[PDB]
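Worksheet: the structure to be examined is printed underneath.
Cβ coordinates were reconstructed from backbone atoms using ideal geometry, including for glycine residues, and neighbour counts include every protein chain displayed. Since every read-out is calculated from the coordinates, none of them should be taken as a lab result.
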Ligand SMILES: CC(C)[C@H](Nc1ncnc2[nH]c(S(C)(=O)=O)cc12)c1ccc2c(c1)S(=O)(=O)CCC2
């Protein structure tokens, strides 16, 4: 079956959320698009990007190095479409701002705007974790910006519960 997301809670008409590991969701669902929380040189060294690369047995990193050699780095707030390998038809590599490294939080709107070129996506919460954005603010920007159908996988029950409570205020 196509895009068989299960156990998500619908927040708005086009935003759904689950307490789940995006790598395990991608292997089960085989979505048309999985979003990677990338950096501008597509170096998948840890966190979500490192885990998605490891699940492709490093094929995503080799493909990413070839893209950067020909095209140069991405900009913060930008994206590129590459192969999904065994995880999806396509991977949309999106660069959210890293607030812990001084990047502008306003670019989080530009980052989520890349999702609107794809009808259905499996995604992480952009700029959260060690990128330093406030995760409740990242969910609000996602809900206000994305107009296509996005399934957010957030792999922490404590954070998932705080995000659903904040949305339902
Ligand atoms: C907030 C946090 C619970 C979330 N983590 C995750 N969310 C969803 N699926 C996950 N799998 C794994 S794993 C066990 O394969 O490493 C982690 C994970 C997350 C969301 C966004 C970002 C990060 C982390 S980061 O990697 O710190 C920096 C880039 C932006």
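Across 5 Å bins from 0, what is the distribution of all Cα-Cα pair distances for the chain, in whole percents?
It works out to 2, 9, 20, 24, 23, 15, 6, 2, 0, 0, in whole percents.
For the chain, with a Gaussian network of springs between Cα atoms less than 10 Å apart, report the residue from 77, 129, 102 with the top mean-square fluctuation.
102
Restricting to bridges with both residues inside the chain, how much of the DSSP beta-bridge set is antiparallel, in percent to the nearest 5?
The antiparallel proportion sits near 35 percent.
At a threshold of 8 angstrom on Cα-Cα distance, excluding pairs fewer than six apart, so keeping six or more, what relative contact order does segment 3-167 reach in percent? Don't skip to the answer; put the middle values down first.
On the way: 324 pairs, mean separation 48.0, N = 165.
Reported relative contact order: 29 percent.
At 222 nm, what value in deg cm²/dmol follows for the chain if DSSP H runs of at least 4 each add -39500 (n - 2.57) and the sum is divided by all its residues, to the nearest 500?
Numbers: 6 runs with 59 residues, N = 169.
Using -39500 (n - 2.57) per qualifying helix, the result is -10000 deg cm²/dmol.
Give, in nm to one decimal, the length gained when the segment between residue 68 and residue 148 is fully stretched (0.36 nm per residue of separation minus the Cα-Cα distance).
Values: separation 80, 0.36 × 80 = 28.80 nm, distance 2.78 nm.
Gain in length upon complete extension: 26.0 nm.
Neighbouring Cβ atoms within 10 Å as the yardstick, rank 147, 140 fewest first.
Working: 147 12, 140 15.
Ordered from fewest to most neighbouring Cβ atoms within 10 Å, 147, 140 come out as 147, 140.
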